[PDB]
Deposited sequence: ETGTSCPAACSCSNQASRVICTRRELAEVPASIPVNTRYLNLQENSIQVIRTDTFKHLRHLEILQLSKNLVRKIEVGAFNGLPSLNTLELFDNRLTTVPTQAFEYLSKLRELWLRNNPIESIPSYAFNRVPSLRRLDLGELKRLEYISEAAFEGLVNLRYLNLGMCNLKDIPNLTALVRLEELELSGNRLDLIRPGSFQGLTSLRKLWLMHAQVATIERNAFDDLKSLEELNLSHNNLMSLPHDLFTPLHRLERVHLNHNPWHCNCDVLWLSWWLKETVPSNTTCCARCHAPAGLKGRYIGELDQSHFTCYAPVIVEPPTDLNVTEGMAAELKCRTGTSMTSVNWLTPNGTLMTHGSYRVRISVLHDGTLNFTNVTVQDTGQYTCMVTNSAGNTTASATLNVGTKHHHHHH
């Protein structure tokens, strides 16, 4: 029995383009597809979807939806996709989607949502796509927001004005990440730590001014990387070098400073060739393609350790530090322990870690860490090292 202002087929009901204030009651039991878009629905009550055990696609987008009650989606063991975009939701309805291991797609794009609470989507761990796009009024994301989503492949946090990248370490199977249209000032290694399966990353129009040393080294399956339209002047030495599957990169519309620090990039471009980034400065090279720069225009020498490490006598328990500040800040820094273990700002080791400065940090150090440590700095022109022991 088909409802009034709708169009039924076969298991497909179409009730679009009608001034409907609430969901119609007379819904057939055997329906998979259900379109309730371009209507004026404000509230979604508990158990509004009765006996819909065949429902795979439910579409509640482009409405004035303001409230989704507790257990609104009970009795839906077939639900695959759910659309709620272009609505007026001020939060995410955590309790609504109660026990749904069948839900694969979720679209909360373009709502006035203010935050993503701890364990927001824990009730739907089988998610594959999650669209949180155009959340212009978003003000805070929980560190434990994206817990439970171990099967998520796609995530959209575009057009949200994010100051910092939220915690994504929980998402071990992520393959595509949209972060465009944000205010992500600088990019850190730890931002992407634990995203080895990530293939595409989009940081277009992100107001990105700096990328830290070894910021991407963890993303060892990255193929597409869009840093177009940002405030990048330079990139650290050999940022992309270790990423071996990288084949589409957009570097255009950044104020590229073409000094000695760009030569690794011009060489990488000249080599890798994604198949158009131009020098914005200095005036001598303005509008020259970065990947066509030969080395003759530049005078470059080994990197200079402005602040080399001095020897330290330390107590067992207290903090410790061995400095390695350099000219420039883009020059790559590798440390070397007395073990023979090499280290980098990209590394994910507890306690001991190389801060963005280039300095090697400690916390709760032991006496058995005694030995000679060496800072190994490299740029486009050569290698330079300085070494000092700690006790």
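Absence of C-alpha coordinates is noted for several segments of the deposited sequence, namely 1-4, 15-16, 282-285, 402-411.
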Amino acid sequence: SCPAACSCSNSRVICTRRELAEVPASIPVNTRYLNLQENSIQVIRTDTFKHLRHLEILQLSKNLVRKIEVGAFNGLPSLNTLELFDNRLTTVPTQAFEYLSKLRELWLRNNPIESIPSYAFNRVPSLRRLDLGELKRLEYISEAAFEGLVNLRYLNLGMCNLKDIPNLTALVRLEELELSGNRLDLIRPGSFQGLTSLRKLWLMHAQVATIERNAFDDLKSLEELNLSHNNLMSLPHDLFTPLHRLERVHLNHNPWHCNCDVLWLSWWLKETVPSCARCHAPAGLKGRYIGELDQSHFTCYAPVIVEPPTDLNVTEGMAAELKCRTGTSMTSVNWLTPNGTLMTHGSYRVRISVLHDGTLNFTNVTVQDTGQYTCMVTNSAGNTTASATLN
From here on, numbers count along this sequence of modelled residues.
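With 53-61 and 22-30 compared on mean CA B-factor from the PDB entry, the stretch scoring higher is 22-30.
Legend: mean Cα B-factor per stretch from the PDB entry, 329-337 versus 42-50; the higher mean is in 42-50. As recorded in the PDB entry, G71 shows the highest C-alpha B-factor of the residues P303, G291, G71, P125.
For the set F97, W202, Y119, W268, the maximum C-alpha B-factor listed in the entry falls on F97. Placement of the Cα temperature factor of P166 within the chain: lowest third of the modelled residues, per the deposited record.
Annotation for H297: CA B-factor lies in the middle third of the chain's modelled residues. Ranked against the other modelled residues of its chain, the C-alpha B-factor of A320 as given in the entry falls in the highest third. Among the modelled residues of its chain, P274 has a C-alpha B-factor that falls in the middle third, as given in the PDB entry. Among the modelled residues of its chain, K102 has a C-alpha B-factor that falls in the highest third, as given in the PDB entry.
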